[PDB]
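Undergrad: What follows is my_file-v7.cif, mmCIF, C-alpha atoms.
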data_entry
loop_
_atom_site.group_PDB
_atom_site.id
_atom_site.type_symbol
_atom_site.label_atom_id
_atom_site.label_comp_id
_atom_site.auth_asym_id
_atom_site.auth_seq_id
_atom_site.Cartn_x
_atom_site.Cartn_y
_atom_site.Cartn_z
ATOM 1 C CA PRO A 52 142.284 131.574 -70.994
ATOM 2 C CA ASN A 53 140.444 134.263 -69.058
ATOM 3 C CA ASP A 54 137.070 132.816 -67.950
ATOM 4 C CA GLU A 55 135.420 136.226 -67.406
ATOM 5 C CA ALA A 56 135.445 137.300 -71.059
ATOM 6 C CA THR A 57 133.537 134.295 -72.399
ATOM 7 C CA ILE A 58 130.743 134.837 -69.866
ATOM 8 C CA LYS A 59 130.347 138.425 -71.062
ATOM 9 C CA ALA A 60 130.347 137.261 -74.683
ATOM 10 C CA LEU A 61 127.669 134.653 -73.964
ATOM 11 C CA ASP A 62 125.557 137.228 -72.129
ATOM 12 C CA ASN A 63 125.844 139.687 -75.018
ATOM 13 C CA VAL A 64 124.893 137.015 -77.551
ATOM 14 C CA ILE A 65 121.868 135.932 -75.512
ATOM 15 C CA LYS A 66 120.704 139.522 -75.049
ATOM 16 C CA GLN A 67 121.043 140.236 -78.772
ATOM 17 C CA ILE A 68 119.221 137.123 -79.952
ATOM 18 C CA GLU A 69 116.359 137.500 -77.506
ATOM 19 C CA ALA A 70 115.945 141.207 -78.274
ATOM 20 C CA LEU A 71 115.786 140.374 -81.988
ATOM 21 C CA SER A 72 113.069 137.786 -81.259
ATOM 22 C CA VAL A 73 110.542 139.986 -79.430
ATOM 23 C CA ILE A 74 109.865 142.312 -82.354
ATOM 24 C CA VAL A 75 106.474 141.650 -83.951
ATOM 25 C CA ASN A 76 105.171 143.273 -87.130
ATOM 26 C CA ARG A 77 101.553 144.442 -87.137
ATOM 27 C CA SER A 78 100.244 147.248 -89.356
ATOM 28 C CA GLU A 79 96.869 149.005 -89.254
ATOM 29 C CA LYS A 80 96.434 150.359 -92.775
ATOM 30 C CA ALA A 81 92.917 151.452 -93.724
ATOM 31 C CA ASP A 82 91.045 150.778 -96.963
ATOM 32 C CA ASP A 83 91.328 152.767 -100.202
ATOM 33 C CA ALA A 84 87.561 153.277 -100.495
ATOM 34 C CA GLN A 85 85.455 156.450 -100.512
ATOM 35 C CA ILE A 86 82.569 158.075 -98.637
ATOM 36 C CA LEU A 87 79.960 158.967 -101.306
ATOM 37 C CA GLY A 88 78.174 161.944 -99.809
ATOM 38 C CA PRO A 89 74.600 162.740 -100.833
ATOM 39 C CA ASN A 90 73.707 164.538 -104.052
ATOM 40 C CA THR A 91 70.736 165.588 -106.172
ATOM 41 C CA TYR A 92 70.001 166.225 -109.833
ATOM 42 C CA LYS A 93 70.160 169.733 -111.275
ATOM 43 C CA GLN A 94 67.633 170.561 -113.978
ATOM 44 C CA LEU A 95 68.299 172.743 -117.008
ATOM 45 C CA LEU A 96 65.937 175.367 -118.388
ATOM 46 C CA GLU A 97 63.683 174.800 -121.385
ATOM 47 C CA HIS A 98 61.007 176.580 -123.402
ATOM 48 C CA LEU A 99 57.395 175.586 -124.014
ATOM 49 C CA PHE A 100 54.537 176.789 -126.190
ATOM 50 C CA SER A 101 51.530 175.348 -127.973
ATOM 51 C CA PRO B 604 130.197 122.443 -88.889
ATOM 52 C CA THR B 605 127.147 123.086 -91.073
ATOM 53 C CA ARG B 606 124.830 126.102 -91.387
ATOM 54 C CA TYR B 607 126.867 128.853 -93.056
ATOM 55 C CA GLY B 608 130.396 127.513 -93.030
ATOM 56 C CA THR B 609 132.892 128.774 -95.595
ATOM 57 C CA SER B 610 130.123 129.577 -98.121
ATOM 58 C CA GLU B 611 128.396 132.665 -96.743
ATOM 59 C CA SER B 612 127.627 136.123 -98.016
ATOM 60 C CA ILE B 613 129.826 138.956 -96.808
ATOM 61 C CA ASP B 614 126.921 140.577 -94.950
ATOM 62 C CA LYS B 615 126.940 137.761 -92.382
ATOM 63 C CA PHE B 616 130.541 138.437 -91.353
ATOM 64 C CA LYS B 617 129.804 141.494 -89.197
ATOM 65 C CA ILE B 618 127.752 139.492 -86.691
ATOM 66 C CA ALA B 619 130.571 136.994 -86.188
ATOM 67 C CA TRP B 620 133.204 139.735 -85.975
ATOM 68 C CA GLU B 621 131.212 141.558 -83.287
ATOM 69 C CA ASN B 622 132.081 138.951 -80.641
ATOM 70 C CA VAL B 623 135.799 139.051 -81.449
ATOM 71 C CA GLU B 624 135.789 142.850 -81.292
ATOM 72 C CA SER B 625 134.017 142.729 -77.929
ATOM 73 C CA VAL B 626 136.561 140.257 -76.547
ATOM 74 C CA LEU B 627 139.517 142.275 -77.858
ATOM 75 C CA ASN B 628 138.640 145.177 -75.485
ATOM 76 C CA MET B 629 138.876 143.273 -72.200
ATOM 77 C CA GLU B 630 141.482 145.430 -70.411
ATOM 78 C CA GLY B 631 144.653 143.430 -70.889
ATOM 79 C CA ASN B 632 144.500 142.439 -74.550
ATOM 80 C CA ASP B 633 145.751 145.784 -75.860
ATOM 81 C CA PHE B 634 148.827 144.306 -77.558
ATOM 82 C CA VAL B 635 146.976 142.174 -80.103
ATOM 83 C CA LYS B 636 144.274 144.807 -80.601
ATOM 84 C CA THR B 637 146.823 147.501 -81.440
ATOM 85 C CA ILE B 638 148.806 145.178 -83.710
ATOM 86 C CA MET B 639 145.579 144.335 -85.536
ATOM 87 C CA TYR B 640 144.365 147.877 -86.047
ATOM 88 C CA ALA B 641 147.787 149.130 -87.141
ATOM 89 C CA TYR B 642 148.341 146.539 -89.877
ATOM 90 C CA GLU B 643 144.818 145.716 -91.036
ATOM 91 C CA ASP B 644 145.576 146.357 -94.715
ATOM 92 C CA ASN B 645 148.302 143.727 -95.028
ATOM 93 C CA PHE B 646 146.469 141.170 -92.847
ATOM 94 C CA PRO B 647 142.705 141.476 -93.379
ATOM 95 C CA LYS B 648 140.177 140.326 -90.817
ATOM 96 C CA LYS B 649 138.820 137.400 -92.843
ATOM 97 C CA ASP B 650 142.037 135.371 -92.711
ATOM 98 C CA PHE B 651 142.488 136.181 -89.026
ATOM 99 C CA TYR B 652 139.004 134.823 -88.351
ATOM 100 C CA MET B 653 139.765 131.719 -90.414
ATOM 101 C CA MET B 654 143.005 131.109 -88.510
#
Any chance you could give the structure as structure tokens?

TA:
Amino acid sequence: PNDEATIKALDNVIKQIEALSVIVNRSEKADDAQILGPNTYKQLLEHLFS
Amino acid sequence: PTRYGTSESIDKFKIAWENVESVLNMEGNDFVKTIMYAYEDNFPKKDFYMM
């Protein structure tokens, strides 16, 4: 058996497993809420007499 | 022995086959590599790995 090939295989395996183990998942999604800007009532016309 | 022996999904086979493919391109193993790639259909990779 050639003893160089197995060293390369071991190195590749170690690199792959440790690269796959450094990835961390962390999301920063915001909320689905609203803002609710200011507002005022609008009056409707009417008629008056006495 | 344990931990995914003969009862594994097919999707796990690629990871195992990667090492064999890497070894089979080591500048001096061309005979077996060529014989494999020429007659893959009659002798599939799964039985070669088992042997």

Undergrad: Name the residues that the PyMOL selection byres ((chain B) within 8 of (chain A)) picks from the file above, as JSON, numbers by chain, using the file's chain letters and numbers.

TA: {"B": [622, 625, 626, 629]}

Undergrad: List the spatial neighbours of residue 648 of chain B as a ChimeraX atom specification - criterion: any atom at most 10 Å away, all atoms listed in the file, same-chain residues fewer than 5 positions off excluded.

TA: /B:616,620,639-640,643,653-654

Undergrad: Could you tell me how far atom CA of residue 607 of chain B sits from atom CA of residue 632 of chain B, in Å to one decimal place?

TA: 28.9 Å

Undergrad: One decimal, Å: what's the distance from atom CA of residue 617 of chain B over to atom CA of residue 76 of chain A, could you say?

TA: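 That distance, rounded to one decimal, is 24.8 Å.
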
Undergrad: Just give me the gap between atom CA of residue 615 of chain B and atom CA of residue 627 of chain B in Å, one decimal is fine.

TA: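 Atom-to-atom, atom CA of residue 615 of chain B and atom CA of residue 627 of chain B are spaced 19.7 Å apart.
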
Undergrad: Output segment 619-642 of chain B as a PDB file, in the coordinates of the input, making sure N, CA, C and O atoms are there.

TA:
ATOM      1  N   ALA B 619     129.514 137.810 -86.773  1.00  0.00           N
ATOM      2  CA  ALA B 619     130.571 136.994 -86.188  1.00  0.00           C
ATOM      3  C   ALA B 619     131.705 137.858 -85.654  1.00  0.00           C
ATOM      4  O   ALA B 619     132.233 137.596 -84.570  1.00  0.00           O
ATOM      5  N   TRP B 620     132.087 138.899 -86.396  1.00  0.00           N
ATOM      6  CA  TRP B 620     133.204 139.735 -85.975  1.00  0.00           C
ATOM      7  C   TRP B 620     132.881 140.559 -84.738  1.00  0.00           C
ATOM      8  O   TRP B 620     133.805 141.015 -84.049  1.00  0.00           O
ATOM      9  N   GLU B 621     131.596 140.766 -84.451  1.00  0.00           N
ATOM     10  CA  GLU B 621     131.212 141.558 -83.287  1.00  0.00           C
ATOM     11  C   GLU B 621     131.745 140.933 -82.002  1.00  0.00           C
ATOM     12  O   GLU B 621     132.275 141.640 -81.136  1.00  0.00           O
ATOM     13  N   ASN B 622     131.623 139.611 -81.861  1.00  0.00           N
ATOM     14  CA  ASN B 622     132.081 138.951 -80.641  1.00  0.00           C
ATOM     15  C   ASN B 622     133.587 139.088 -80.461  1.00  0.00           C
ATOM     16  O   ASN B 622     134.066 139.339 -79.347  1.00  0.00           O
ATOM     17  N   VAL B 623     134.349 138.914 -81.540  1.00  0.00           N
ATOM     18  CA  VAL B 623     135.799 139.051 -81.449  1.00  0.00           C
ATOM     19  C   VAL B 623     136.173 140.473 -81.065  1.00  0.00           C
ATOM     20  O   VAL B 623     137.066 140.692 -80.238  1.00  0.00           O
ATOM     21  N   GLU B 624     135.501 141.465 -81.656  1.00  0.00           N
ATOM     22  CA  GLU B 624     135.789 142.850 -81.292  1.00  0.00           C
ATOM     23  C   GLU B 624     135.459 143.119 -79.831  1.00  0.00           C
ATOM     24  O   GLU B 624     136.183 143.852 -79.149  1.00  0.00           O
ATOM     25  N   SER B 625     134.362 142.547 -79.334  1.00  0.00           N
ATOM     26  CA  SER B 625     134.017 142.729 -77.929  1.00  0.00           C
ATOM     27  C   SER B 625     135.065 142.104 -77.019  1.00  0.00           C
ATOM     28  O   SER B 625     135.433 142.685 -75.991  1.00  0.00           O
ATOM     29  N   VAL B 626     135.559 140.918 -77.378  1.00  0.00           N
ATOM     30  CA  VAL B 626     136.561 140.257 -76.547  1.00  0.00           C
ATOM     31  C   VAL B 626     137.879 141.022 -76.577  1.00  0.00           C
ATOM     32  O   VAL B 626     138.569 141.138 -75.557  1.00  0.00           O
ATOM     33  N   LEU B 627     138.238 141.578 -77.727  1.00  0.00           N
ATOM     34  CA  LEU B 627     139.517 142.275 -77.858  1.00  0.00           C
ATOM     35  C   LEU B 627     139.572 143.587 -77.102  1.00  0.00           C
ATOM     36  O   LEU B 627     140.559 144.305 -77.287  1.00  0.00           O
ATOM     37  N   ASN B 628     138.594 143.956 -76.282  1.00  0.00           N
ATOM     38  CA  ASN B 628     138.640 145.177 -75.485  1.00  0.00           C
ATOM     39  C   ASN B 628     138.415 144.851 -74.017  1.00  0.00           C
ATOM     40  O   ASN B 628     137.633 145.499 -73.318  1.00  0.00           O
ATOM     41  N   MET B 629     139.112 143.830 -73.527  1.00  0.00           N
ATOM     42  CA  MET B 629     138.876 143.273 -72.200  1.00  0.00           C
ATOM     43  C   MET B 629     139.967 143.661 -71.206  1.00  0.00           C
ATOM     44  O   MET B 629     140.262 142.916 -70.270  1.00  0.00           O
ATOM     45  N   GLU B 630     140.583 144.830 -71.399  1.00  0.00           N
ATOM     46  CA  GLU B 630     141.482 145.430 -70.411  1.00  0.00           C
ATOM     47  C   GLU B 630     142.640 144.486 -70.071  1.00  0.00           C
ATOM     48  O   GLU B 630     142.728 143.918 -68.982  1.00  0.00           O
ATOM     49  N   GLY B 631     143.530 144.334 -71.045  1.00  0.00           N
ATOM     50  CA  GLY B 631     144.653 143.430 -70.889  1.00  0.00           C
ATOM     51  C   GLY B 631     145.003 142.712 -72.171  1.00  0.00           C
ATOM     52  O   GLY B 631     145.952 141.924 -72.216  1.00  0.00           O
ATOM     53  N   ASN B 632     144.240 142.980 -73.224  1.00  0.00           N
ATOM     54  CA  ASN B 632     144.500 142.439 -74.550  1.00  0.00           C
ATOM     55  C   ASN B 632     144.900 143.534 -75.532  1.00  0.00           C
ATOM     56  O   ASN B 632     144.694 143.403 -76.739  1.00  0.00           O
ATOM     57  N   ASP B 633     145.481 144.621 -75.021  1.00  0.00           N
ATOM     58  CA  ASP B 633     145.751 145.784 -75.860  1.00  0.00           C
ATOM     59  C   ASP B 633     146.812 145.497 -76.912  1.00  0.00           C
ATOM     60  O   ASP B 633     146.799 146.114 -77.983  1.00  0.00           O
ATOM     61  N   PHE B 634     147.735 144.576 -76.629  1.00  0.00           N
ATOM     62  CA  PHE B 634     148.827 144.306 -77.558  1.00  0.00           C
ATOM     63  C   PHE B 634     148.304 143.802 -78.898  1.00  0.00           C
ATOM     64  O   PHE B 634     148.604 144.373 -79.956  1.00  0.00           O
ATOM     65  N   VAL B 635     147.488 142.750 -78.866  1.00  0.00           N
ATOM     66  CA  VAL B 635     146.976 142.174 -80.103  1.00  0.00           C
ATOM     67  C   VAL B 635     146.020 143.137 -80.788  1.00  0.00           C
ATOM     68  O   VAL B 635     146.010 143.250 -82.017  1.00  0.00           O
ATOM     69  N   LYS B 636     145.212 143.858 -80.011  1.00  0.00           N
ATOM     70  CA  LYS B 636     144.274 144.807 -80.601  1.00  0.00           C
ATOM     71  C   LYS B 636     145.011 145.899 -81.368  1.00  0.00           C
ATOM     72  O   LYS B 636     144.644 146.238 -82.503  1.00  0.00           O
ATOM     73  N   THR B 637     146.062 146.456 -80.766  1.00  0.00           N
ATOM     74  CA  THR B 637     146.823 147.501 -81.440  1.00  0.00           C
ATOM     75  C   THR B 637     147.540 146.954 -82.665  1.00  0.00           C
ATOM     76  O   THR B 637     147.552 147.601 -83.721  1.00  0.00           O
ATOM     77  N   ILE B 638     148.135 145.763 -82.554  1.00  0.00           N
ATOM     78  CA  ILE B 638     148.806 145.178 -83.710  1.00  0.00           C
ATOM     79  C   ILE B 638     147.818 144.964 -84.846  1.00  0.00           C
ATOM     80  O   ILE B 638     148.132 145.203 -86.017  1.00  0.00           O
ATOM     81  N   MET B 639     146.605 144.523 -84.518  1.00  0.00           N
ATOM     82  CA  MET B 639     145.579 144.335 -85.536  1.00  0.00           C
ATOM     83  C   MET B 639     145.220 145.643 -86.218  1.00  0.00           C
ATOM     84  O   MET B 639     145.248 145.741 -87.450  1.00  0.00           O
ATOM     85  N   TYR B 640     144.874 146.660 -85.436  1.00  0.00           N
ATOM     86  CA  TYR B 640     144.365 147.877 -86.047  1.00  0.00           C
ATOM     87  C   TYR B 640     145.451 148.647 -86.781  1.00  0.00           C
ATOM     88  O   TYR B 640     145.137 149.429 -87.682  1.00  0.00           O
ATOM     89  N   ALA B 641     146.721 148.433 -86.434  1.00  0.00           N
ATOM     90  CA  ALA B 641     147.787 149.130 -87.141  1.00  0.00           C
ATOM     91  C   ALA B 641     148.048 148.526 -88.515  1.00  0.00           C
ATOM     92  O   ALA B 641     148.318 149.256 -89.473  1.00  0.00           O
ATOM     93  N   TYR B 642     147.966 147.203 -88.636  1.00  0.00           N
ATOM     94  CA  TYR B 642     148.341 146.539 -89.877  1.00  0.00           C
ATOM     95  C   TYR B 642     147.172 145.765 -90.467  1.00  0.00           C
ATOM     96  O   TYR B 642     147.334 144.623 -90.905  1.00  0.00           O
TER      97      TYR B 642
END
